[PDB]
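Engineer: If you scroll down you'll find the structure; I have some questions about it.
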Amino acid sequence: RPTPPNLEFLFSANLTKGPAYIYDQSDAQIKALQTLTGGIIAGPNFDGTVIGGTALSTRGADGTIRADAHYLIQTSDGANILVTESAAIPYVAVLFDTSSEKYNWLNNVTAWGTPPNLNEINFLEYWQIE
Amino acid sequence: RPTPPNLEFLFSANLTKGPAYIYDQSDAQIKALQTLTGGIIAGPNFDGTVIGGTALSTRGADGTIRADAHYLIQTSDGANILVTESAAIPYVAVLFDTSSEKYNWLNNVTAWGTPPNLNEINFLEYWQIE
Amino acid sequence: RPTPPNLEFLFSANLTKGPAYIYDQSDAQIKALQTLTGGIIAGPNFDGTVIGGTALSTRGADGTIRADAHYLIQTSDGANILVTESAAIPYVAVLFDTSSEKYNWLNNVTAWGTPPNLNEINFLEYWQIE
Amino acid sequence: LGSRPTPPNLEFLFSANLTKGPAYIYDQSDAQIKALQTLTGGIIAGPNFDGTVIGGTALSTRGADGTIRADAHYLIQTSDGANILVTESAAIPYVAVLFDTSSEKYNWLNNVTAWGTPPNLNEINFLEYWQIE
């Protein structure tokens, strides 16, 4: 029988965003670019801040929302880490890239996050899946 | 304590692939394209076959392997579904796109899969994370 | 005043494709996946064939078609080259990746192609722009 | 019988005078150097559309082989208020460009492939772009 993967808490993120800029609107769908302006990252094995990035989203009247984002985390001790997100909002899949010797274990991680309280859409908790 | 998401079995995939074509070999890294030639998909709420697609991979001597693939599933009842995979191999994150009325719930799904036995790398089991 | 780049003929492609599989049709757009099953490449630097690849296309309600493809050329001498196409159909922009010593000048090339006859769309001529 | 390949036409489309954040290198290894860089603003000019760049991000990889590949997205807001997504892909210093807008005035750009490069390579933030068709 299929055995599920384990889940281990990885980090929380409290992000700030500029207003979306809609560039392609039809009556049932809007596509936008949104600047990721900052935020704090906090987990057991790393922490830091978001220096910047961009999200591209497509939001349907049917309730679907697809988003793709790249942003960079700089850790407390100075490592730079690219975060690549792809999301069926509010569920977010995450990959990471860094050459930092202390953080390059993230290169092999698939993570997943969602806001624990949808009232507060920009506070997310993420989990390592494996 | 953060609450983890739930995991629900979504589908298995037994995929066939052509040999990789390595186009860029550099210090301790190879980048390749691989054709996805076919495969069977079996889950509680959908099933079908893989019509085709492509995987792009970057494999490092350091053990990291990043891959990104697109392939199309045609269900038994005739729906066409795009699968978008992104992976820190052997861990695979998945998104779906279809306008089929019976299967468009998948548009809101983030799934995750891995081979249950790495002996048989092309048989994977995937889970809906939410 | 602005001075334009120069154009030199790079190669032609006579491509074969599988069926177009439409996976997402709605009022805003029609989205399909299509396999590249083969093809003949001919140019001053090399002849070769298309090993395989995949194209994703979106036809908007507005009429415009945007396509994004990846495919692999293998030259007659066995070198592999990744071709990354992005198109405002029928105008195709092209980027390349190969570590082959004979052909690695392609890494630095931006190319552009289009079918000389729009009722014979699988034959295209491509130009190096710089 | 065979016809000789004939080239497309080039028409000047726009210039961009861009401002950028710091280049944040996240992955340095023997094979390549990978960075993320914010686009903080910029002036868009030319005969077809003018405006400013609202924001965007560029990802670049410099390989050991000497190639520099970059991929960027940024948003132009024109002087009259239309939003246009610009998708760039580059074998630096040569830049290919695609556009997305639903603006009625500017949606001709949806059918455009453009190409640009800095006319002065020691001023990398000023580029001139051409419509190819």
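Following the order of the structure tokens, chains are lettered A, B, ..., residues in each are numbered from 1, and ligands are numbered from 1.
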Select all residues from chain C having any atom no more than 12 Å from an atom of chain A (counting only C-alpha atoms, ignoring ligands), output as a PDB file with N, CA, C and O atoms, in the first residue's frame.
Structural biologist:
```pdb
ATOM      1  N   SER C  26     -11.437  27.820 -22.815  1.00  0.00           N
ATOM      2  CA  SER C  26     -12.388  28.682 -22.135  1.00  0.00           C
ATOM      3  C   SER C  26     -12.493  29.930 -22.976  1.00  0.00           C
ATOM      4  O   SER C  26     -11.793  30.064 -23.965  1.00  0.00           O
ATOM      5  N   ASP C  27     -13.308  30.878 -22.525  1.00  0.00           N
ATOM      6  CA  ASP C  27     -13.532  32.050 -23.359  1.00  0.00           C
ATOM      7  C   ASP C  27     -12.243  32.853 -23.578  1.00  0.00           C
ATOM      8  O   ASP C  27     -12.031  33.338 -24.681  1.00  0.00           O
ATOM      9  N   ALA C  28     -11.407  33.014 -22.533  1.00  0.00           N
ATOM     10  CA  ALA C  28     -10.162  33.780 -22.569  1.00  0.00           C
ATOM     11  C   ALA C  28      -9.100  33.182 -23.526  1.00  0.00           C
ATOM     12  O   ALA C  28      -8.438  33.947 -24.254  1.00  0.00           O
ATOM     13  N   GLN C  29      -8.925  31.830 -23.534  1.00  0.00           N
ATOM     14  CA  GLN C  29      -7.871  31.187 -24.322  1.00  0.00           C
ATOM     15  C   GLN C  29      -8.097  29.683 -24.543  1.00  0.00           C
ATOM     16  O   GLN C  29      -8.790  29.020 -23.766  1.00  0.00           O
ATOM     17  N   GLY C  60      -5.277  33.153 -27.712  1.00  0.00           N
ATOM     18  CA  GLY C  60      -6.151  34.041 -26.967  1.00  0.00           C
ATOM     19  C   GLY C  60      -7.452  34.310 -27.722  1.00  0.00           C
ATOM     20  O   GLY C  60      -7.538  34.100 -28.920  1.00  0.00           O
ATOM     21  N   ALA C  61      -8.467  34.767 -26.985  1.00  0.00           N
ATOM     22  CA  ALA C  61      -9.707  35.268 -27.567  1.00  0.00           C
ATOM     23  C   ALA C  61      -9.405  36.376 -28.577  1.00  0.00           C
ATOM     24  O   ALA C  61     -10.135  36.510 -29.556  1.00  0.00           O
ATOM     25  N   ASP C  62      -8.313  37.130 -28.329  1.00  0.00           N
ATOM     26  CA  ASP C  62      -7.874  38.247 -29.158  1.00  0.00           C
ATOM     27  C   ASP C  62      -7.327  37.770 -30.504  1.00  0.00           C
ATOM     28  O   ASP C  62      -7.149  38.579 -31.415  1.00  0.00           O
TER      29      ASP C  62
END
```
Engineer: For chain D against chain A, which residues fall within 12 Å using only C-alpha atoms, given as a ChimeraX atom specification?
Structural biologist: /D:20-41,53-60,71-78,81-87,99-104,106-107,110
Engineer: Assign secondary structure with DSSP using the backbone only, and return the residues of segment 4-85 of chain B in strand (DSSP E) as a ChimeraX atom specification.
Structural biologist: /B:7-17,21-26,29-42,47-60,65-75,80-85
Engineer: Matching each Cα of chain A to its counterpart in chain C by order, what RMSD results from the least-squares fit?
Structural biologist: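 Once chain A is fitted onto chain C, the C-alpha RMSD works out to 0.8 Å.
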Engineer: When distances are computed from only C-alpha atoms, which of B:50, B:65, B:89, B:20 shows the smallest separation from residue 130 of chain A?
Structural biologist: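 Smallest distance to residue 130 of chain A is found for B:89.
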Engineer: Extract, using only C-alpha atoms, all DNA, RNA and protein residues at most 6 Å from residue 75 of chain C, discarding same-chain residues fewer than 2 positions from it, and format them as a list in words.
Structural biologist: residues 47, 48, 77, 78 and 79 of chain C
Engineer: Counting only C-alpha atoms, which residue out of B:115, B:12, B:59, B:86 sits closest to residue 42 of chain B?
Structural biologist: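 Ranked by minimum distance to residue 42 of chain B, first place goes to B:12.
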Engineer: So the first atom is atom CA of residue 107 of chain A and the second is atom CA of residue 127 of chain B; what is the distance between them in Å, to one decimal place?
Structural biologist: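 Here the two named atoms are 21.5 Å from each other.
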Engineer: Just the number, please: distance in Å from atom CA of residue 110 of chain A to atom CA of residue 40 of chain B, one decimal.
Structural biologist: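 Atom-to-atom, atom CA of residue 110 of chain A to atom CA of residue 40 of chain B, that is 24.3 Å.
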Engineer: For residue 90 of chain B, please output as a list in words all residues within 10 Å (counting only C-alpha atoms; exclusion window: fewer than 6 positions along the same chain).
Structural biologist: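 Here the qualifying residues turn out to be residues 108, 109, 110 and 130 of chain A; 64, 65, 66, 67, 113, 114, 115, 118, 121 and 124 of chain B.
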Engineer: Rounded to one decimal place, report the atom CA of residue 101 of chain C-atom CA of residue 128 of chain C distance in Å.
Structural biologist: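 Result for atom CA of residue 101 of chain C versus atom CA of residue 128 of chain C: 19.0 Å, one decimal.
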Engineer: Could you pull out the helix (DSSP H, G or I) residues of chain D from DSSP and send them as a PDB file with N, CA, C and O atoms, in the first residue's frame?
Structural biologist:
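Once written, selection12.pdb looks like this:
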```pdb
ATOM      1  N   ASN D 107      -2.334  46.533 -27.685  1.00  0.00           N
ATOM      2  CA  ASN D 107      -2.336  45.072 -27.770  1.00  0.00           C
ATOM      3  C   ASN D 107      -1.743  44.552 -29.090  1.00  0.00           C
ATOM      4  O   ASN D 107      -1.525  43.357 -29.194  1.00  0.00           O
ATOM      5  N   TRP D 108      -1.458  45.402 -30.072  1.00  0.00           N
ATOM      6  CA  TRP D 108      -0.607  45.026 -31.196  1.00  0.00           C
ATOM      7  C   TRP D 108       0.731  44.427 -30.723  1.00  0.00           C
ATOM      8  O   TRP D 108       1.363  43.642 -31.430  1.00  0.00           O
ATOM      9  N   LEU D 109       1.189  44.801 -29.517  1.00  0.00           N
ATOM     10  CA  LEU D 109       2.469  44.297 -29.017  1.00  0.00           C
ATOM     11  C   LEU D 109       2.402  42.802 -28.700  1.00  0.00           C
ATOM     12  O   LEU D 109       3.442  42.146 -28.700  1.00  0.00           O
ATOM     13  N   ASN D 110       1.190  42.286 -28.532  1.00  0.00           N
ATOM     14  CA  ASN D 110       1.049  40.875 -28.257  1.00  0.00           C
ATOM     15  C   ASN D 110       1.544  40.026 -29.416  1.00  0.00           C
ATOM     16  O   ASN D 110       1.872  38.843 -29.232  1.00  0.00           O
ATOM     17  N   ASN D 111       1.557  40.627 -30.612  1.00  0.00           N
ATOM     18  CA  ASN D 111       2.007  39.911 -31.789  1.00  0.00           C
ATOM     19  C   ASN D 111       3.439  40.231 -32.158  1.00  0.00           C
ATOM     20  O   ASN D 111       3.876  39.826 -33.236  1.00  0.00           O
TER      21      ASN D 111
END
```
